[PDB]
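>
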Amino acid sequence: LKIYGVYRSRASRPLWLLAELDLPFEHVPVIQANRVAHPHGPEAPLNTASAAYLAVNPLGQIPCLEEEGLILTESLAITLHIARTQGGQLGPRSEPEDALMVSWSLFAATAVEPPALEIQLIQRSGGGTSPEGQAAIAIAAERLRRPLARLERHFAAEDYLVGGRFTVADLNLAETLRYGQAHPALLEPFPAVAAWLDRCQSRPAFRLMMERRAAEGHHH
Amino acid sequence: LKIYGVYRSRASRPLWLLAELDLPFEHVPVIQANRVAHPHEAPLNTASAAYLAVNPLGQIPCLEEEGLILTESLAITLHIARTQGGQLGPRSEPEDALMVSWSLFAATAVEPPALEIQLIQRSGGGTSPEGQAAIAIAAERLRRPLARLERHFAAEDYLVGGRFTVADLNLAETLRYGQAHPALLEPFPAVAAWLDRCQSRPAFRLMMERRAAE
Amino acid sequence: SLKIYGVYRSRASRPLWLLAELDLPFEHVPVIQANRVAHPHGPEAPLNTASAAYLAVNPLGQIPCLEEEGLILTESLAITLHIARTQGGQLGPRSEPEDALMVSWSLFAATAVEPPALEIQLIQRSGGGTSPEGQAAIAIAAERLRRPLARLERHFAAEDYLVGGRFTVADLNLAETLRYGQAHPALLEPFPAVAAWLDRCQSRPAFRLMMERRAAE
Amino acid sequence: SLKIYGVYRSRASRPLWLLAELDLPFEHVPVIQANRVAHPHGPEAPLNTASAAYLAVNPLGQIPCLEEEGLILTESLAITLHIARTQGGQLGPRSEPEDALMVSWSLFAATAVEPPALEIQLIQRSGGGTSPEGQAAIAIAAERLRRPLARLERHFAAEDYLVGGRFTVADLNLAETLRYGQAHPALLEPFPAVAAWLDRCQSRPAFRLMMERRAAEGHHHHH
Ligand SMILES: N[C@@H](CCC(=O)N[C@@H](CS)C(=O)NCC(=O)O)C(=O)O
Ligand SMILES: N[C@@H](CCC(=O)N[C@@H](CS)C(=O)NCC(=O)O)C(=O)O
Ligand SMILES: N[C@@H](CCC(=O)N[C@@H](CS)C(=O)NCC(=O)O)C(=O)O
Ligand SMILES: N[C@@H](CCC(=O)N[C@@H](CS)C(=O)NCC(=O)O)C(=O)O
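Protein sequence lines correspond, in order, to chains B, D, C and A.
Sequential numbering from 2 applies to the first sequence in the deposited numbering.
Here the second sequence stands for residues 2 to 41, 44 to 217, where the numbers follow the deposited numbering.
Sequential numbering from 1 applies to the third sequence in the deposited numbering.
Sequential numbering from 1 applies to the fourth sequence in the deposited numbering.
#1: Near A:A157, which residues of its chain fall below 8 Å by C-beta distance, leaving aside the five closest residues on each side in sequence?
#2: Could you tell me the alpha carbon to alpha carbon distance between D:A109 and B:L24, rounded to whole angstroms?
#3: Out of B:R200, B:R166, B:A150, point me to the one whose CA is closest to B:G89's CA.
#4: Using a Cβ-Cβ cutoff of 9 Å, what residues of the stretch 50 to 61 of chain D are near chain B? List them in chain order.
#5: Can you tell me the Cα-Cα spacing of D:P116 and C:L91, whole angstroms?
#6: Quick check on B:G129: buried or exposed, where buried means 16 or more other Cβ atoms within 10 Å of its Cβ?
#7: Put D:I63 into one of helix, strand or coil per three-state DSSP.
#8: When every heavy atom of ligand 2 is checked, does at least one fall within less than 7 Å of the C-beta of D:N35?
#9: Measuring only from the beta carbon, is D:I63 closer than 7 Å to any heavy atom that is part of ligand 2?
#10: Give me the Cα-Cα distance between C:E114 and C:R147, rounded to the nearest whole angstrom.
#11: Check the C-beta distance from C:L18 over to C:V169 and give it rounded, since I have them as a contact under 8 Å.
#12: Short check: CB of C:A137 to CB of D:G164, under 8 Å?
#13: Give the straight-line distance between the Cα atoms of D:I79 and D:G70, rounded to the nearest whole angstrom.
#14: What does residue 286 of chain A touch in chain D if you count any residue whose Cβ is under 7 Å from its own?
#15: Could you tell me which whole alpha helix (DSSP H) segments of length 4 or greater appear in the stretch 63 to 142 of chain B?
#16: What's the call for C:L55, buried or exposed, on a 16-neighbour Cβ count within 10 Å?
#17: Quick check on this structure: which residue in A:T86, A:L174, A:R179 has the alpha carbon closest to the alpha carbon of A:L101?
#18: Return helix, strand or coil for C:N48, following the three-state DSSP convention.
#19: Could you round the C-beta distance between B:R11 and B:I63 to whole angstroms and report it? I think they count as a contact, below 8 Å.
#20: Consider the C-beta atom of C:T74 and the heavy atoms of ligand 3; say whether any pair is separated by less than 7 Å.
#21: Straight-line CA distance for C:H41 to C:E96?
#22: When you check each C-beta in the stretch 151 to 184 of chain C against every C-beta of chain A, which residues fall closer than 8 Å?
#23: Mind listing the chain A neighbours of B:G6? Cutoff is C-beta to C-beta under 9 Å, in chain order.
#24: Tell me the rounded alpha-carbon separation between A:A150 and A:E143.
#25: Run down chain C in chain order and give the residues with a C-beta less than 9 Å from the C-beta of A:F108.
#26: For B:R36 and A:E119, what's the separation of their Cα atoms in angstroms?
#27: Less than 8 Å separating the beta-carbons of B:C65 and B:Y8?
#28: Do D:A215 and D:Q121 have their C-beta atoms within less than 8 Å of each other?
#29: Is the separation between the beta-carbon of D:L77 and that of B:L107 shorter than 8 Å?
#30: Using only CA atoms, which one of D:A38, D:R125, D:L188 lies nearest to D:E153?
#31: Pick helix, strand or coil for D:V37, following the three-state DSSP scheme.
#32: DSSP three-state label for D:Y5, please.
#33: What do you get for C:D160, buried or exposed, if any count of 16 or more other CB atoms within 10 angstroms of its CB means buried?
#34: Looking at chain A, is there any beta carbon in it that lies within less than 8 Å of the beta carbon of D:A141?
#35: Starting from the C-beta of C:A195, find all residues in its chain whose C-beta is less than 7 Å away, skip the five residues before and the five after it, and write them out in chain order.
Given below as structure tokens:
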């Protein structure tokens with residue numbers, strides 16, 4: 002089992018999951034090409050533009066999973082696969098539970114990640130220091146209103162997405178939401194959602210993943 | 002087995018699959034609220052309290068089947084294909100994994116740009132010079148994923164297992180959004196050939212005929 | 001002397017209307033929008049905004065355009081102001097201050113009114129605006145017009161025209177930019193004073209004459 | 001007396017720049033955008049676009065606005081032309097034809113350049129390509145500016161200024177609308193003559209001074 006991608010990327014999803022498990026694996030750090038001066042260079046560290054990596058993931062993105070006879074792209078698919086084959090109770094007990102996890106993951110990828118990622122970039126870019134950046138964050142937050150309200154309703158009676166227990170479905174949704182976490186007002190209207198995200202991030206494996214992510218070298 | 006949503010929506014994905022499997026089901030034609038003069044009498048729509056009781060998110064499609072309410076068009080198709088799809092579903096966990104992967108790729112890399120092309124074409128200034136420029140830009144967002152598909156289809160006729168599966172169906176539908184753009188697939192003959200293999204299927208034609216009559 | 005480029009079914013309608021009001025002799029050179037022509041460069045293609053012969057007059061490739069000896073003037077609202085001011089009649093400014101006012105109202109028309117109104121016409125032009133989705137798109141544009149229209153409502157509740165209490169090129173310019181969204185029936189329902197003003201402008205013989213010729217193309 | 005409403009950090013920069021060129025005495029009345037004030041109708045709110053007292057001057061609630069004896073004039077580009085014509089000397093029109101050209105160039109600036117350029121400015125202020133929609137919006141705006149810029153490149157291939165071979169309010173007006181998209185990378189790469197023209201207008205002492213004022217503008221509260 003090999004996982005390609007640095008902690009400071011969507012590879013954080015499968016890395017967090019593996020941290021939840023007592024499973025050895027090979028971590029192949031691959032950096033985003035834009036963070037490397039001469040990515041094509043014969044002496045450049047393995048990155049998303051490296052020919053050697055494109056032979057693994059033709060799309061040139063991280064993360065990517067490679068096992069004996071299987072190459073899998075898409076962070077949320079990678080985690081679901083790992084959870085169902087190596088994750089024990091973090092994986093689905095039945096096909097309907099698996100379907101629910103796939104559904105929550107697609108919900109996370111299509112309804113939550115885009116607007117949340119937008120908030121993250123406005124913030125990191127420094128754009129949030131202008132009235133325009135602030136207005137833009139509010140517009141992105143409005144795109145998240147329906148998804149967040151639906152989640153608030155769900156967490157009114159449940160502590161987790163599926164089966165009354167933390168599963169890869171929570172991990173997957175929590176990671177997409179992490180992008181918009183830096184905006185204080187985002188979860189203010191949604192206490193139950195904030196409590197759930199706090200519940201997921203208080204886990205030892207998350208803290209460990211985040212500490213490893215912090216210790217990772219930065220590249221611009 | 003109940004499917005909520007009109008043919009003229011993402012419900013077309015599970016509707017196409019149900020046609021492929023010739024499976025009986027109860028179709029509940031919920032329409033997008035923005036297509037109704039006054040959603041709040045009006046036809047059952049995404050803003051109807053009666054529908055929000057089914058899917059609080061207020062979107063179609065939605066599947067309901069003996070103790071299971073499932074949303075997300077691409078998840079519904081995989082679920083139906085795995086439980087009653089035969090060869091259209093996965094033959095192993097790894098195939099299932101690949102199908103889920105291709106679906107997320109379809110939803111995150113293909114659908115957003117493809118949807119933008121459609122939205123521009125149906126807009127007031129869609130056939131204007133600005134419109135044509137916007138579509139070309141939206142189309143550029145698809146170069147990376149399309150080129151990647153071109154490389155895959157250069158060796159295989161289908162996404163998984165060398166046979167048509169719910170994986171191809173899912174991707175094929177996300178791409179249909181930008182199909183109205185004439186030059187979209189000119190640079191990608193392999194993708195065009197694959198898409199034609201999917202849309203030449205009787206079930207696809209049947210779904211589109213039902214969509215036209217709607 | 002005066003040559004006006006552009007068909008009636010375009011912004012050339014503004015100077016054409018004014019010329020009808022003034023009854024001034026001029027040469028009307030029919031130039032149609034390229035997108036309305038098949039092979040804009042064919043030997044039998046009509047003179048259009050993409051024609052090399054026209055780009056020689058207006059490099060920007062747009063209509064209308066005014067051409068006098070020693071002056072090529074683009075921008076429909078500038079053309080009307082120039083024609084009216086030089087003719088020196090009551091449709092033009094009586095002083096520099098009235099001229100400034102007319103220029104201001106013209107920029108107001110060009111920036112606050114034309115964009116949203118044009119948007120409404122385009123929506124109607126496409127398959128339809130009558131559809132719930134089209135109506136919603138039109139409502140969005142009508143909302144961009146609320147502040148401008150409300151301000152016009154306040155102005156017309158005290159005056160019958162924009163400047164000097166008389167019909168001038170300023171009224172003509174504004175009326176033409178607002179005509180784009182006029183097809184949406186409800187557009188001026190909340191603004192009775194504006195609708196009354198628009199009626200006074202469109203009731204003029206010269207306006208009706210311009211429209212008749214427009215319908216003929 | 002001549003009153004100019006609006007802060008430097010707004011389109012009031014247009015008449016303020018012109019006024020700096022002429023060194024003409026006038027009363028600057030600071031009026032800030034309402035979205036920059038917590039409680040625009042509050043007792044301690046600075047005069048703003050939502051203030052009832054300002055709406056009495058300009059019903060549209062926008063800056064800048066000019067007020068002279070018996071004249072209230074809105075629209076930044078009409079304001080500059082009016083000042084130029086009445087007290088600008090050579091910065092104003094020498095004849096009716098020149099005046100017509102200045103009005104025409106101002107309308108071209110307001111309709112062909114300002115909208116797309118502003119779109120670029122707003123997206124840049126918010127962070128740039130912070131989403132697929134943002135990158136696209138910038139690319140669309142840049143494409144909308146292609147014809148206008150190319151038309152300008154042709155004009156500046158033989159002239160150093162828009163009208164009369166000298167700096168006039170026409171240049172000032174167009175330059176301010178283009179300033180919005182100035183930072184976009186390579187926007188003017190294909191248009192060196194346009195770029196040199198903008199540099200020509202912006203290297204003037206009055207422009208630099210206006211920008212210095214714009215950068216330092218603010219209210220002092222003694223504590
Ligand atoms: N939808 C994918 C997206 C993966 C992705 O875009 N990854 C980024 C880093 S978070 C990347 O590899 N970008 C660098 C590049 O495209 O060159 C997934 O969730 O796995
Ligand atoms: N990611 C979802 C999106 C579903 C969706 O956005 N559906 C649209 C119709 S195609 C809708 O119900 N919108 C109507 C509304 O929000 O009122 C899926 O793929 O199922
Ligand atoms: N702001 C200008 C705009 C002129 C304009 O865009 N005209 C259109 C016709 S109404 C045109 O010539 N477009 C055809 C083309 O660009 O090829 C004015 O008001 O004169
Ligand atoms: N077309 C006008 C537009 C003026 C305008 O929209 N100004 C902005 C500030 S640059 C404004 O006052 N908006 C703030 C508001 O409406 O509250 C002109 O050029 O004078």
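For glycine and all other residues, C-beta sits at the position ideal for the given N, C-alpha and C.
In short:
#1: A193
#2: 30 Å
#3: B:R166
#4: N58, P59, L60, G61
#5: 51 Å
#6: buried
#7: coil
#8: yes
#9: yes
#10: 13 Å
#11: 6 Å
#12: no
#13: 15 Å
#14: Any question about residue 286 of chain A goes unanswered here, given that chain A covers just 1 to 223.
#15: 76 to 87, 96 to 108, 114 to 126
#16: exposed
#17: A:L174
#18: strand
#19: 7 Å
#20: yes
#21: 44 Å
#22: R151, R154, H155
#23: The premise fails here: B:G6 is roughly 21 Å from chain A at the closest Cβ pair, so nothing lies under 9 Å.
#24: 11 Å
#25: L60, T74, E75, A78
#26: 29 Å
#27: no
#28: no
#29: yes
#30: D:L188
#31: coil
#32: strand
#33: exposed
#34: yes
#35: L188
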